[PDB]
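Remarks on the structure that follows.
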Amino acid sequence: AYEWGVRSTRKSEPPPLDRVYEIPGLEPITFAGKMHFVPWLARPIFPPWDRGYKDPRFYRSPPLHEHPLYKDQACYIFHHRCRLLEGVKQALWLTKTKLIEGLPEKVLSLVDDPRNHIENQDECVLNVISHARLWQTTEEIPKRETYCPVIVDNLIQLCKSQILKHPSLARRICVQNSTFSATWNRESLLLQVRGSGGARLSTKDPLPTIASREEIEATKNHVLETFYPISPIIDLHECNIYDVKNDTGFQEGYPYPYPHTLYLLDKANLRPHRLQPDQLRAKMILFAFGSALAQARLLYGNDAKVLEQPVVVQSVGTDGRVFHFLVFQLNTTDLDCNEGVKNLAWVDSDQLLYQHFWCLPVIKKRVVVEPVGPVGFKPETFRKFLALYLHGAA
Amino acid sequence: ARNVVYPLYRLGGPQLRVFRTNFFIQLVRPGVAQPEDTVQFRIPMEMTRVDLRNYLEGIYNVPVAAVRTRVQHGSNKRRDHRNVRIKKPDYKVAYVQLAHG
Amino acid sequence: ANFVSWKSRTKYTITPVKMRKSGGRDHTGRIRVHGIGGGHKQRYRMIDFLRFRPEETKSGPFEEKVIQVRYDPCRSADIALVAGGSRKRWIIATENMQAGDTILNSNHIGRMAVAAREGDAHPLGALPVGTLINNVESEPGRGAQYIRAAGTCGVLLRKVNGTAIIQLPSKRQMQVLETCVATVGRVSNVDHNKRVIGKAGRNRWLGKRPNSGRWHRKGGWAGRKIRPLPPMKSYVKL
Amino acid sequence: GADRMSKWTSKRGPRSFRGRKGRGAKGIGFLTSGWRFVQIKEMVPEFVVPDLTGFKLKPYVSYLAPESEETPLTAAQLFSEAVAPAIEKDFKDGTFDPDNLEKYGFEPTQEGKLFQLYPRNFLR
Amino acid sequence: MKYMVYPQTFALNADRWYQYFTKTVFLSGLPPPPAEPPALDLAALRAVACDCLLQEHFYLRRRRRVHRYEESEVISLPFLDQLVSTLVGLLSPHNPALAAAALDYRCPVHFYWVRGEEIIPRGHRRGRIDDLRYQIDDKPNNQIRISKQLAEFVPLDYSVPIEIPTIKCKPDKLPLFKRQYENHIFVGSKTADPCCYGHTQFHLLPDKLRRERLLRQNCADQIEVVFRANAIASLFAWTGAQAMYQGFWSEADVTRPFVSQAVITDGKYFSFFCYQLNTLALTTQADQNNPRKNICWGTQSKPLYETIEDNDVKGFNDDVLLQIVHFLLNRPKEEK
Amino acid sequence: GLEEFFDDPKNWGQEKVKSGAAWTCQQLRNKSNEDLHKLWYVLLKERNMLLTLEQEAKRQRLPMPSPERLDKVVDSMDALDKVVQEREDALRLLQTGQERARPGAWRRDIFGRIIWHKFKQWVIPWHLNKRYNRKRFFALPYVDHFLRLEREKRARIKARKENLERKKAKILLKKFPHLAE
Amino acid sequence: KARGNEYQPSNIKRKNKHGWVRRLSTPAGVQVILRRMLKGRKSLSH
RNA sequence: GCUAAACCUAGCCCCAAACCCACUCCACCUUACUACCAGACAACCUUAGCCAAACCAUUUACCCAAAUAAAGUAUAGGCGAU
RNA sequence: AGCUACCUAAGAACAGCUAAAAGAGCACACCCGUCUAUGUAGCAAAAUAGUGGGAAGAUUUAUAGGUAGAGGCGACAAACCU
RNA sequence: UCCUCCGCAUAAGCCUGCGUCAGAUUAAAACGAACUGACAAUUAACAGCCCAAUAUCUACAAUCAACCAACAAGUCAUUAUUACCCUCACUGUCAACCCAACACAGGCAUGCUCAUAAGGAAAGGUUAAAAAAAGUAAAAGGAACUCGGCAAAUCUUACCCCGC
Ligand SMILES: [K+]
Ligand SMILES: [K+]
Ligand SMILES: [K+]
Ligand SMILES: [K+]
Ligand SMILES: [K+]
Ligand SMILES: [Mg+2]
Ligand SMILES: [Mg+2]
Ligand SMILES: [Mg+2]
Ligand SMILES: [Mg+2]
Ligand SMILES: [Mg+2]
Ligand SMILES: [Mg+2]
Ligand SMILES: [Mg+2]
Ligand SMILES: [Mg+2]
Ligand SMILES: [Mg+2]
Ligand SMILES: [Mg+2]
Ligand SMILES: [Mg+2]
Ligand SMILES: [Mg+2]
Ligand SMILES: [Mg+2]
Ligand SMILES: [Mg+2]
Ligand SMILES: [Mg+2]
Ligand SMILES: [Mg+2]
Ligand SMILES: [Mg+2]
Ligand SMILES: [Mg+2]
Ligand SMILES: [Mg+2]
Ligand SMILES: [Mg+2]
Ligand SMILES: [Mg+2]
Ligand SMILES: [Mg+2]
Ligand SMILES: [Mg+2]
Ligand SMILES: [Mg+2]
Ligand SMILES: [Mg+2]
Ligand SMILES: [Mg+2]
Ligand SMILES: [Mg+2]
Ligand SMILES: [Mg+2]
Ligand SMILES: [Mg+2]
């Protein structure tokens, strides 16, 4: 088979050893005593050198197999950069969860009452879009690495203005730079989710359970869809040096220990560096499951069992224009088997807040065809965003 | 010190010490208006602004707050009678600001 | 000169690799091949020509799913991203290969001949006589070196004494061991040879520089020559 | 058209050249990621300045000073003045052996000393 | 070619020079409170402030070593981000304006102006008049913009018996360096944004200007200078940019004052400032007979806490937190 | 303080400032190392002050008062260096026997010349030092002819110089014919 | 068109083409230095 | 009457004799004269041609270890030039 | 091979109008150099004025590197290689 | 009064090359000085100067990136474990400037200004011959000029040869 790496680019082989070395009982006269190369003396054989002390800028790590945390069994790690080939279907299998299309009626009813609507909601949201896409910087056309984080921050700020109507909204904070870890087994495969990036909306109170005990028991019939010949662990980081860490990201005693929403961004400027919609939704499911599992392992121990009190975690994933909404309920920690009570995930996909934005006027033959500003604004998208925020408070 | 070899430092080694320094400096009158707290020097080329701070504080007990330096080019334009260029030497200028008002 | 081949990568990947143009120069910096230069920048997608490469810890026949069929700037034929188990790789696409298809990479030679599906990789011994093949290897495990261009196909002519006789696109016969693996069907882009360049500029985009303006009198080499097909080329040692 | 005769300095050449060449100042640290310079305190020369209070020697010497003959110090003279007296005294006492040469001040090796004479590892 | 004025500066006594460039008189203390004709929960505000302090310092687990040189960006910067975010949410009932305010994170603020003239000393332009141009490129860690202007602290013609300091040498001796590039006047958003007025800015001093390092360089008396210089330059640029968004400039001086507030901190010590812009007529021509002066009020920096031992905040200072709340409670006067 | 960079304020404007003699090597050889260490800084501050005055004299386009003061301080400081160096050299010889503080070796360079190569300090051994191994400490045969030409150039110069002296000695006897003895 | 301006100075080019290191990189270049040394040139190389 | 004119030294040439050969500190093979980091490349291999032969094509003196002499002899050579 | 021929690495520039598809047209910047006059020890060892060809392309262009004379390079003009 | 062909800045190049004082040396003219001697000067935030190891990861252009349609198929991305407590050094910074033997009507990349807020002066004085150069206007005629409508003016018809 074709071998990669042409020989001319490979390290040259050591030069032929001087034949004086072959002769037994003969001591070669080399240039080592001279401390420099000469063509007419033999090449010295130098013994291996060891610095003998610690120099951090010239450190060399030990061989991989000799690391203390090296294990023969591989742990497949899903981190913020992992892009699943099969998208949600792969995530559904890994987390032993059943998918329901659309958000829960409990959540969506919160914004059906016009008393919960923000004052001048449509105008307020439109200004947020215009700020992020146009007025933000000194540059004519803000880039996605710029407006995507800001559009999410300002929308959360808009929702946070409702502390007046709902005093319970003062019991939550938006935390940055938090990370979490959870390990579990699926069909004898060791899996780990390491969550990082985005914003963690943290509450003092746990989110109400969504599904009744009757729906949780009705998931026993559901069969997880398989996708032979692709393995469930494709696109995961196969690691052989790891610790079985279960971490919520905070030390004991943190006033806001409960994860409420996980805001995940896909802000890369280049399209090939942005997750596809299905891949982003898969990341949301795994991150929501990871946060929920870390909470369950903390509160209810490391045992494998159907949870008497399900853990509910939400996630909002966006690239700045398209929004995805997830409500995840962790019903069980007995994940190694494919049969039994399954977790539940409510997913509302591909919710366009706006179709397009014109930063400059479109002038054809000295006539302004399109004005600057958002095109195709959908207020329903923000209504779902507000409903998820209001969940657990209003 | 100048025109001497500095002992090589490695992590965890002794402090480098100079006992008889051969750096000599001359305090000069500024050619342009300067702030009241600013003192101008012409120092050796190999002397750093860090050296001058410790040099002025250690030998003269002058409290220094800031030190800035620049390298002045000496003119190489003049010509001797053989039409050979004569180099006015380059020199380093330092600007020392006094500390406690 | 200081020429260093860009072909230094040692580990297989599906990430497009930055490649450097030669201009028809060799390592000495002198022109070795005329008519090469410029053209659009291109990235190299590493093609796996060994269709039967079981995963590290696996063995025997295995299946793969076609993820995408796409344009390849470095070759005439289209290429297909295939995934099986936890591995993804680029391969040469067949005429009717499309996303969502499943392909079978087997090394099994059975008493009976298999029903040949386009895009499947089988040993030549396992294929019915007359099957249209592509991406053939001269020796078992060497990897495909023949019938790789757009629309090209060979035909399995005979199977004798554990060997297979195939007709190459040039029509010259080729004897190989029956264990040499081939792919069923024609290569993608059957209408490649019908493309029209249209203008001199498009040849420049493809990295082709104009011909010399020097007039060369034609010699005895020129003129139609009717020669017999060369004798069958054999890679089997008896 | 270039000036071959003039000294090559950091003022000449493009931006990359001008920033790589210096004026002979000894380094006091290293550059880390982000071009962040890390100053090492031990690499900065520390001026050991003595207390000059009640010091009676002045920059110049009085002209009414008797001339003396110049006698440069030698290894022999230093040995006779510093080492020979102790060796002569122990010789009379009757307890002298090569093993005790370290007692008289001989240093078999320079390694392990803070100030090593050869290779010299200290500044003037 | 224009001077690059850095609000956060290593230059000694830069506050005095910045007063000259901006024609700003500095006053110790905060502005005189206006005598004119809901319950504040101090326990709740203190709790969240301590919760934000302990989160960054203790509770939040860091995957990577936090080195001393990274502490400002890794620890202090998230603190000030969250502290400003939670307080404005909690204080919306007391201050309705906050609910509709825009909260920016590290958004540029630019101001360009002309102050003074010089005679070109050298070259083919020697002997000709050249304006002294200045540019401030600031990045406040946080800031709050509102759609209605805050009330003036004092009258537009307010006079003080305090002369603005003068410089007897070139600005280059501060030191200050010249460069030529785009002249930007920017309040944090483009002119189309309705939130064109400034409420409060929150600044975090960089590691280069850390208290511990100033004491090591014999610059103990520059600790307060660094706060004052950053306040004067930042708020002059912000209020100046606000006035020019309303159409005012050197030849059309402001007809009403433009005020703003700043909170300057290094993560532990907090200093509070108020700035009133009374005049943009800073050119030689427009300042010839201009009695107006810009005013800046400032307090001495005070520690918000003493130490943080494990999960306990030692010596939390309620007065410093109260001062932060008072600025956030400022609101425009409602018209009849 | 900064006043030490200037002479006594009473001496400002005086045409001459009387000074003593420069320290001699023998006078300094009687002093302890600690005394010589203190004297170095006493001489250093005088040197800085005199260098300060010399520059200001040029700035004012006036003669420097008593310029010999600087020459005396430089001679004193050179004598102090020599005394301290002699003591260190004697100690190095006794304890090590090495005539030089800095290690070195006689080497042939790429040009065929014999040079004393002063060693430098390194953290890694020489056989691993990429830059060091690029240096050529040997000469190839093509250098041989150039060495001969250089030798012959030296011989020509020496021959002309010797012949000229003999010519001059004869011109001398012609002018003064009483030097036969 | 008009000639005479063939010299387009570049310190990088000058040093790389005619520098000390370049001269010493080949025996012919070393001999260049040896000839200039024998003639007594003040400037052995760029 | 201007412009000029005039000069005797500097040194140099050829032989003889004699073998020849440097050094303060610091810097210098990377872009020489650049304090301070992981390399490993390494030297040898017939001179040609002008020119003469009245072109040119084989051929055409070039210190090689004692001045002289043997001797421009033996001998070589388009048996020509040499 | 700091000019120039071709190439390699990674950069940069291209208004307005028409058509809106363009080795498309008009037309700046920019590249080129058709015709005439001037100039001819000139401003210039190839220029100036006007007039012209092209100007999103096989375009133009800054930077570093490569190919060397029994050779290179060449959309062959025996071009170009200070 | 009149020009604006520019201008300012960066890069590259150059290297003190119209700052002060003192000299009457001089600018293709001229006592201001780019020439001489002396004395001054450019101050880092801009820029240059960067990075511990091993394995592992990186299919999905750009074009307001959204519709739409493409080919010549494209400039920007990691994780795992180990190691790591420290701090602001060094260098460029002037000018009327470079490549063209010149204080040369030539050559010279990028940003901004799009006609200027920046930068500049076509006439040493006089006279008002010829010949010469660059322009403007011209009775009647309108290519009769000439190798040719070259040039100028105006601004258009049809055709042929060759080469797509
Ligand atoms: K293709
Ligand atoms: K002939
Ligand atoms: K080249
Ligand atoms: K210059
Ligand atoms: K010209
Ligand atoms: Mg500097
Ligand atoms: Mg190709
Ligand atoms: Mg052809
Ligand atoms: Mg042809
Ligand atoms: Mg020339
Ligand atoms: Mg060029
Ligand atoms: Mg002949
Ligand atoms: Mg002939
Ligand atoms: Mg070139
Ligand atoms: Mg290329
Ligand atoms: Mg265009
Ligand atoms: Mg075109
Ligand atoms: Mg055209
Ligand atoms: Mg060509
Ligand atoms: Mg021809
Ligand atoms: Mg011809
Ligand atoms: Mg910087
Ligand atoms: Mg400048
Ligand atoms: Mg050009
Ligand atoms: Mg002007
Ligand atoms: Mg004139
Ligand atoms: Mg004239
Ligand atoms: Mg005249
Ligand atoms: Mg007429
Ligand atoms: Mg006619
Ligand atoms: Mg007609
Ligand atoms: Mg006629
Ligand atoms: Mg015409
Ligand atoms: Mg044609």
Side-chain angles (χ1 to χ4, degrees), chain A residues 39 56-62 64 67 69 79 81 141 237 239 241-242 268 270-273 276 355-356 358-360, chain B residues 3 5-6 8 31 48 50 68-70 72-73 75 77 95, chain C residues 1 14-15 20-21 23 25 29-30 37 40-41 43 68 71 73 81 199-201 204-205 210 212-214, chain D residues 10-11 14-22 25-26 28-29 31-35 37-39, chain E residues 4 6 65 67-69 121-124 175 177 179-180 208, chain F residues 59 116 121-124 128-131 133-136 140 151, chain G residues 1-2 4-10 12-13 15 19-21 24:
Chain A
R57 295 155 65 218
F58 306 89
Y59 180 69
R60 281 186 187 174
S61 64
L64 285 176
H67 287 202
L69 287 179
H79 50 74
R81 177 66 180 271
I141 312 188
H237 184 203
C239 188
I241 298 169
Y242 57 91
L270 294 174
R271 175 170 307 267
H273 296 171
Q276 298 288 305
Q355 178 64 43
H356 186 55
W358 290 119
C359 295
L360 311 169
Chain B
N3 288 339
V5 168
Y6 273 34
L8 191 50
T48 72
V50 177
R68 289 178 311 278
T69 62
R70 63 183 182 82
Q72 175 63 56
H73 171 82
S75 177
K77 194 194 195 178
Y95 299 95
Chain C
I14 61 155
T15 311
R20 294 197 293 272
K21 306 162 173 296
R25 277 70 169 164
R30 295 216 184 166
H40 205 287
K41 284 190 183 180
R43 292 176 298 169
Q68 194 200 11
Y71 178 90
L81 180 63
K199 55 158 171 174
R204 308 310 305 278
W205 305 342
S212 171
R214 177 161 175 249
Chain D
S10 69
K11 293 190 187 297
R15 290 188 309 180
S16 60
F17 280 34
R18 300 198 301 266
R20 193 175 316 279
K21 177 83 172 177
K26 306 285 184 171
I28 61 176
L31 278 171
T32 51
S33 67
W35 292 282
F37 187 77
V38 179
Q39 184 171 350
Chain E
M4 300 186 284
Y6 285 79
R65 268 207 202 183
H67 298 130
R68 180 178 175 194
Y69 74 90
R122 306 220 45 180
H124 79 281
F177 303 87
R179 206 164 71 78
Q180 175 167 314
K208 187 150 156 214
Chain F
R59 173 69 162 274
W116 177 259
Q121 302 166 106
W122 309 93
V123 159
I124 70 165
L128 300 178
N129 185 326
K130 188 202 298 169
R131 173 155 58 91
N133 284 291
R134 286 199 310 265
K135 300 191 54 175
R136 272 63 61 78
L140 290 183
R151 176 181 176 173
Chain G
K1 295 197 189 207
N5 66 325
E6 288 70 43
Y7 184 59
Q8 298 294 314
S10 164
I12 291 164
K13 281 182 172 269
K15 298 296 289 183
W20 181 260
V21 172
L24 294 198

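So that the names make sense, note that chain A is the first sequence line, chain B the second, and so on, each numbered from 1. Values reported hereafter were calculated over all heavy atoms of this structure, with side chains retained and with hydrogens, waters and symmetry mates removed.
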### Query
For the base of H:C19, is there a side-chain donor-acceptor partner from F:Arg151 under 3.5 Å away?
yes
### Message
As a test of reading the structure: which of J:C64, J:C86, I:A9 is closest to the side chain of D:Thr32, going by heavy atoms?
### Response
J:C86
### Message
So, under a plain 3.5 Å distance rule, would you say the side chain of F:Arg131 forms a donor-acceptor pair with the base of H:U30?
### Response
yes
#### Entry: Side-chain N,O (B:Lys77) to OP1/OP2 (J:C35) below 4.0 Å
yes
### Query
With rounding to whole Å, what would you report as the distance between I:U48 and I:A21 at their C1' atoms?
44 Å
### Message
Is it the case that the base of I:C73 and the side chain of C:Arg25 share a donor-acceptor contact (distance under 3.5 Å, atom types as modelled)?
### Response
no
### Task
Please determine if a side-chain N or O atom of C:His40 lies less than 4.0 Å away from the OP1 or OP2 oxygen of J:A72.
no
### Query
So what's I:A62 doing, north or south, if we go by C1'-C2'-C3'-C4' (plus is north, minus is south)?
north
### Task
Would you mind calling the pucker of J:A59 north or south from its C1'-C2'-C3'-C4' torsion?
north
### Query
Side chain of G:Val21: nearest nucleotide among H:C29, I:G11, J:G17?
H:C29
### Task
Spell out yes or no: do the side chain of B:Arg68 and the base of J:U43 have one donor N/O and one acceptor N/O closer than 3.5 Å?
yes
### Query
Which part of the nucleic acid does F:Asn133 contact within heavy-atom distance under 4.0 Å: base, sugar-phosphate only, or nothing?
base
### Summary
Assigned chi class of J:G32 under the 90° convention is anti
### Query
Are OP1 or OP2 of J:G48 and a side-chain N or O of D:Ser16 less than 4.0 angstrom apart?
no
### Message
Can you tell me whether the side chain of C:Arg43 sits in the major or the minor groove, going by heavy atoms under 5.0 Å?
### Response
major
### Message
When you measure only distances, ignoring hydrogens and angles, does the side chain of G:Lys1 come within 3.5 Å of the base of I:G33 through a donor and an acceptor?
### Response
yes
### Query
Any N or O donor-acceptor pair linking the side chain of E:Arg68 to the base of J:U87 at under 3.5 Å?
no
### Query
Between the base of J:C49 and the side chain of D:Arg20, is there a donor-acceptor distance below 3.5 Å?
no
### Query
Which nucleotide in the list H:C29, J:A52, J:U81 gets nearest to the side chain of A:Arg57?
J:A52
### Message
Quiz question: going by heavy-atom distance under 3.5 Å, is there a donor-acceptor pair between the base of J:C86 and the side chain of D:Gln39?
### Response
no
### Query
Which part of the nucleic acid, if any, lies within reach of D:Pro14 when heavy atoms closer than 4.0 Å are counted: base, sugar-phosphate only, or nothing?
sugar-phosphate
### Task
Verify the contact: side-chain N or O of C:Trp205 to OP1 or OP2 of I:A58, cut-off strictly under 4.0 Å; return yes or no.
yes
#### Entry: Phosphate contact (H:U31 OP1 or OP2) by G:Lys15 side-chain N/O below 4.0 Å
no
### Candidates J:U42, J:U81, J:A77 - which lies nearest the side chain of A:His273
J:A77
### Message
Any side-chain N or O of D:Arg18 below 4.0 angstrom from OP1/OP2 of J:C14?
### Response
no
### Message
For the nucleotides J:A80 and J:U54, report whether a Watson-Crick or G-U wobble pair is present, with both relevant distances below 3.5 Å.
### Response
yes
### Query
Taking atom types as they are modelled, is there a donor-acceptor pair under 3.5 Å from the base of I:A58 to the side chain of C:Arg204?
yes
### Query
Has the side chain of E:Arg122 got a donor or acceptor atom sitting under 3.5 Å from an opposite partner on the base of J:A95?
no
### Query
Contact class for C:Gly201 vs. all strands (heavy atom < 4.0 Å): base, sugar-phosphate, or nothing?
base
